[PDB]
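Have a look below at one chain only, the form deposited in one PDB entry, in C-alpha cells format.
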C-alpha cells in the first residue's frame, strides 16, 4: 500500500535508516547517497521519496520543483498550549562562536583567521556568514578571506578544506557527510573546541548541547559554556546566554522535502511514523527513537520534538521567506532561474 523511500546521506545515516526500516515493517525503506545533492537527484528521478534538509538545500531542491512537507519543531517556552504537530515553527539562531581565551577576536578582526563551517551551501554554516562577508567586503573572493577552513563540500585541495580531517583513517577528507570529523553542527563546533579553528558558524542550540555535561562524547565532556563567546555584528563579544541579542540571523527550520506529486503520501506515513517513534511515541525509549542518534543529528536533529504541519501550504519561497531567499540569490551571483541538475 503506502510505502516511503527515505534518502540517507552517508553510511551513518544509512545505518540509522536501516534500523528505522526494520522496526517499521518496511513501511519506510532506504536509499543511500554520498551527498545531499545526490539524494536530491534520487528524489527527482523518483528513486527516493524524501529526506529532511537544512534551508540552504531546500533552496536548491526548490528550483528543482521539490516541496517542503513537514518541518522540525523543537521545545518552546511561548506557543505552549498548542500541540507540537500544529504549533508554528520558530526558526533557529545562527551565531559565530569563539573561545573566550582568544581575546580581541571580534566580527571585525575575523580577517585571515581560521574558520569551521557545517558545510558549503548550508544556512548557519555558510550562506549566512559568507553572505555577510561578501556584502561588507565588496569582494566575491570569500575563499581568500579565511587563511584556512574546514568547509565540507569545497575542493579537497583548497584552503577551504585545509582544516578538515576525513575519517577514522584520513579518507573522505572534506566530504559533506558525517564521515568527515568536522561536518555539520556538531563537527564545526568540534573544530573550534579542539582549537583547529578560531571561529565556528553554527546555531545557538549546538553550544548548549555540547557543553556542561550535555554531551558525553569525549571531545566535549570537559567543555564549559563560560569558555565560549558569541561574536555580534556590532563588533562586541557576548556570553552565550545572550544569543537573542547577539546572532547573525534567524534561520528557517530544517524540513522534509519530497516531489510535489508525492507530498501527500509522504506526509501521511510520517505523521503515523512519528506517533510510533517520536518524542512521545508508542515505542521511543523501548525499541526505536526517530529523533535520537546520540548527538550526531542523523536524519533529523536530535533536539527535534516533532515534525510540524505547515499551514498555508508554503511554496519553498514562502517557506524560506523573502529575507533569506534574497540573501541566497545575492551570494550565488558570486560562485536566477535554474535547477543545478
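Positions refer to the first chain, counted from 1. For clarity, a rigid core is taken as the largest C-alpha set superposing within 1.5 Å between two forms. Shifts are known only where both forms have a C-alpha.
The form deposited with a partner chain bound is left out here; the points below concern that form.
Q: Could you check which residue among 58, 70, 40, 33 gets a heavy atom within 4.5 Å of the partner chain in the deposited bound form?
A: Contact check passes for 40.
Q.
At 4.5 Å between heavy atoms, only one of the stretches 288 to 296, 302 to 310, 274 to 282, 59 to 67 reaches the partner chain in the deposited bound form; which one is it?
A. Result of the contact check: 59 to 67.
Q.
At 2 Å or more of Cα shift, core superposed, where are the runs of at least three residues that differ between the shown form and the other one?
A. The run that moves is 77 to 79, and no other.
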